[PDB]
Number of protein chains: 2
Amino acid sequence: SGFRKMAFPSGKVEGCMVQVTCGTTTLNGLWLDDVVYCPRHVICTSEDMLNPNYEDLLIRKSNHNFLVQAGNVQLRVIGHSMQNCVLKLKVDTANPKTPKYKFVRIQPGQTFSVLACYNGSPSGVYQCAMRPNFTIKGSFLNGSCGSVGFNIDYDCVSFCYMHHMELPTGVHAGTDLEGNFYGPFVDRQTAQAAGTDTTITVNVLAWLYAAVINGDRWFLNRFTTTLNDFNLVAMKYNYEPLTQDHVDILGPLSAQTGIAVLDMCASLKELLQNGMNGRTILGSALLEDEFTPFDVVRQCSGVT
Amino acid sequence: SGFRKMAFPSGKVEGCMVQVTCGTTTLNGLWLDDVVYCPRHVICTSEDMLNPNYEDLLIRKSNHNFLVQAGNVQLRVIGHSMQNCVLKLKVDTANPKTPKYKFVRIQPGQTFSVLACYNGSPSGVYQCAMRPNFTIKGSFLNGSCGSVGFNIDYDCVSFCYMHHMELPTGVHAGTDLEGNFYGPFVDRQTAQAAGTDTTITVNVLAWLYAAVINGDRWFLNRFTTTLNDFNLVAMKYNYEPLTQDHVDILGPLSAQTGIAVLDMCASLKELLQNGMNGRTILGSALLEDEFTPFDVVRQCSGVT
Ligand SMILES: COc1ccccc1OCCNC(=O)c1cc(=O)[nH]c2cc(F)ccc12
Ligand SMILES: COc1ccccc1OCCNC(=O)c1cc(=O)[nH]c2cc(F)ccc12
């Protein structure tokens, strides 16, 4: 029993973190096989970040300008290339600690663990969600760039995120491991609109199921609703519209608790309309949306 | 910017987790040097747990009865001993992955990361606090016993907790690494009163400083208070009394923000008396007490 914002064990990712320096800028890199991946803004200076011409800045750089250090050992750089907003530095040694891995592009609403790093050294690990507007509400300071987001299935690490920047609004933006930004963001020091965010409805419902499994059931009511009625409430409260695909993913949790998905929607509807009345659910005084149905089943079953 | 319930990177601890089986019971063990530490209830059967006579149960066991497996390799057990509520199984091989480590007994109110494990395999990592009543509000299922709590300073892992049980109330109890339980708990399947818990006042104030550092400042007011006045409010709301030692630990955060400790106490006083009025602080709709002043400075400075 109990429910926590649990991150994946970061061990397999820690063994991949390196420091990358180019000129005066130092950030984090990800060493997998004989390649080191890092944000391309490592080649910029303060005067450049306002509107950098990355093709031009990279042309002034040579392999010997990218200093890559894995703990205390120096890696020899034998190739460099820019793919989208990431740099790929080919090194002469394959990382002996490379786990089985995949590069995946996550969907908005999905979750992942972040291993915050500074100067190539892991500082901490936390779980978060990719917001519907493609931002992440992370915890990152100066030098955190290049820290990565990932999920772990059995022995395989799926890397889904690399950290690039903090928007003026204090929210975070980054890319997949092929250097494509999530959302409309560009790696430039400019005002960037993160559009309207919404609450991840399927995750809130999954968390309500987790609450019931753990004994918090005060919010369960005598009502039911329909997808149409519920979605009118979802619209009013800036919640993502619930689809039959979301109901289908909630199937196993509906089966485990015996609470029909639409009945749980009616509990959520009453909580949106009346609030919590000073009560809590799983130690929270608000509706939590950072746990997917998969996360709930994983935590409630003990998948290692 | 941003503030997250950040756990330490679990890598150094993952390399220590093993599976320990005795008879029909399997749980987790901690392999450090040539010793494996695990909860002594691994030697019990269902009929025993109601009131086990551990001295007697252990006498029926021999070294060859404790099956210890580190991933896929079997460890040879050459000695066994019970120290308080832990068993120490001496093995013939020192763990090659043993990090620099200490065994520490944490104080109530302090925090640590937990690496939840099942069958000797890490499933997830989360940060938590040792409650003032010596329980932890963890996330643990069947087979989680032997999972450990720890803090990391530089390259040194300080182990402070080993998981033993879930009380009928759904809260968690365990020992230090010398097998002494935190609190009045015994490793018996019986009703056990976890006394009155309180909110960790110094941690709430530390979290209010973290909020100010990150831009959430709506709760700052034109008032001040005294330790005496504040403690009358703390008493009424089941908060730990604030002492000059707590004020002293908040010194650096008071210096960084320029907000006097007693002025922050007056903000906390108004929040206790008026509530949040439907607002949030650092994404929370309640007063968070799982971040120490040390945690706040660490996260806000980037200590790796
Ligand atoms: C506006 O800056 C950039 C824009 C596009 C691309 C790159 C940009 O910065 C590169 C450096 N960034 C960091 O090291 C950084 C990341 C972060 O998430 N939080 C921070 C908090 C701080 F107080 C200071 C810095 C950071
Ligand atoms: C009452 O049990 C004991 C009492 C004293 C000592 C040991 C006791 O149990 C030993 C086994 N315990 C677990 O594996 C366990 C731990 C936990 O934190 N959550 C759980 C949730 C479950 F649904 C089932 C089991 C657990």
Side-chain angles (χ1 to χ4, degrees), chain A residues 1-2 24-28 38-46 48-52 54 85 114 116-119 135-147 162-175 181 185-192 213-215 300-302, chain B residues 1-2 24-28 38-46 48-52 54 85 114 116-119 135-147 162-175 181 185-192 213-215 300-302:
Chain A
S1 185
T24 68
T25 314
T26 289
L27 40 66
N28 307 284
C38 75
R40 70 180 179 165
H41 70 248
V42 68
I43 72 179
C44 300
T45 70
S46 51
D48 292 310
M49 281 313 314
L50 304 172
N51 192 38
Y54 289 101
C85 305
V114 168
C117 293
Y118 298 90
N119 299 103
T135 60
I136 78 168
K137 303 179 153 176
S139 172
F140 292 114
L141 305 163
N142 187 30
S144 62
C145 302
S147 305
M162 173 165 283
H163 185 52
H164 287 246
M165 62 178 186
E166 182 171 312
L167 302 177
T169 65
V171 301
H172 300 114
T175 67
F181 264 94
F185 309 115
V186 293
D187 45 358
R188 208 193 156 208
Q189 185 177 320
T190 199
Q192 301 185 55
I213 291 168
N214 286 282
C300 298
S301 81
Chain B
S1 185
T24 68
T25 314
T26 289
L27 40 66
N28 307 284
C38 75
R40 70 180 179 165
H41 70 248
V42 68
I43 72 179
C44 300
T45 70
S46 51
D48 292 310
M49 281 313 314
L50 304 172
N51 192 38
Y54 289 101
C85 305
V114 168
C117 293
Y118 298 90
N119 299 103
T135 60
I136 78 168
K137 303 179 153 176
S139 172
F140 292 114
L141 305 163
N142 187 30
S144 62
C145 302
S147 305
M162 173 165 283
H163 185 52
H164 287 246
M165 62 178 186
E166 182 171 312
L167 302 177
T169 65
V171 301
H172 300 114
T175 67
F181 264 94
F185 309 115
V186 293
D187 45 358
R188 208 193 156 208
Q189 185 177 320
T190 199
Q192 301 185 55
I213 291 168
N214 286 282
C300 298
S301 81

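Just so it is clear, the values below take in all heavy atoms, side chains as well, and ignore hydrogens, waters and symmetry mates. Labels below follow one simple rule: chain letters A, B, ... track the order of the sequence lines, proteins then strands, and each chain is numbered from 1. Every number for a ligand or one of its atoms is a count from 1 in the order of the listing.
With hydrogens and angles ignored, the 3.5 Å screen pairs no side-chain donor or acceptor of B:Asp187 with any backbone N or O of B:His41. Judged by distance alone, with hydrogens and angles left aside, the side-chain atoms of A:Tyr118 form no donor-acceptor pair with the main-chain N or O of B:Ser301 at under 3.5 Å. Looking only at distances, no side-chain donor or acceptor of B:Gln192 sits under 3.5 Å from a matching main-chain atom of B:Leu167.
In the vicinity of A:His172, heavy-atom distances shorter than 4.0 Å reach the ligand 1 atoms 18 (O). Ligand 2 places these atoms under 4.0 Å from at least one heavy atom of B:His163: 16 (C), 17 (C), 18 (O).
Summary of contacts: the protein heavy atom closest to atom 9 (O) of ligand 2 is B:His164 O, 4.4 Å. For atom 13 (C) of ligand 2, the closest non-hydrogen atom on the protein side is B:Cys145 SG, 3.6 Å. The protein atom (non-hydrogen) at minimum distance from atom 1 (C) of ligand 2 is B:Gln189 CG, 3.7 Å. Nearest protein heavy-atom neighbour of atom 10 (C) of ligand 1: A:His41 NE2, 3.5 Å. Of the protein's non-hydrogen atoms, A:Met49 CE, 3.4 Å is the one closest to atom 6 (C) of ligand 1. The protein heavy-atom contact nearest to atom 15 (C) of ligand 2 is B:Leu141 O, 3.8 Å. The single protein non-hydrogen atom nearest to atom 5 (C) of ligand 2 is B:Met165 SD, 3.3 Å, given as residue, atom name and distance. Ranking the protein heavy atoms by distance from atom 14 (O) of ligand 2 puts B:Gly143 N, 3.1 Å first. The nearest heavy-atom contact from the protein to atom 25 (C) of ligand 2 is B:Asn142 CA, 3.5 Å.
Across every non-hydrogen atom of B:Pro39 and B:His163, the tightest pair is CG-O, 3.5 Å.
Selection from A:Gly146, A:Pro39, A:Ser144, A:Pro168 by nearest heavy atom to atom 16 (C) of ligand 1 gives A:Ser144.
Under 4.0 angstrom from ligand 1, the non-hydrogen atoms of A:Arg188 all belong to its backbone.
Checking atom 19 (N) of ligand 2 against the protein gives a heavy-atom contact under 4.0 Å. Inside a 4.0 Å radius of atom 23 (F) of ligand 2 there is not any protein heavy atom.
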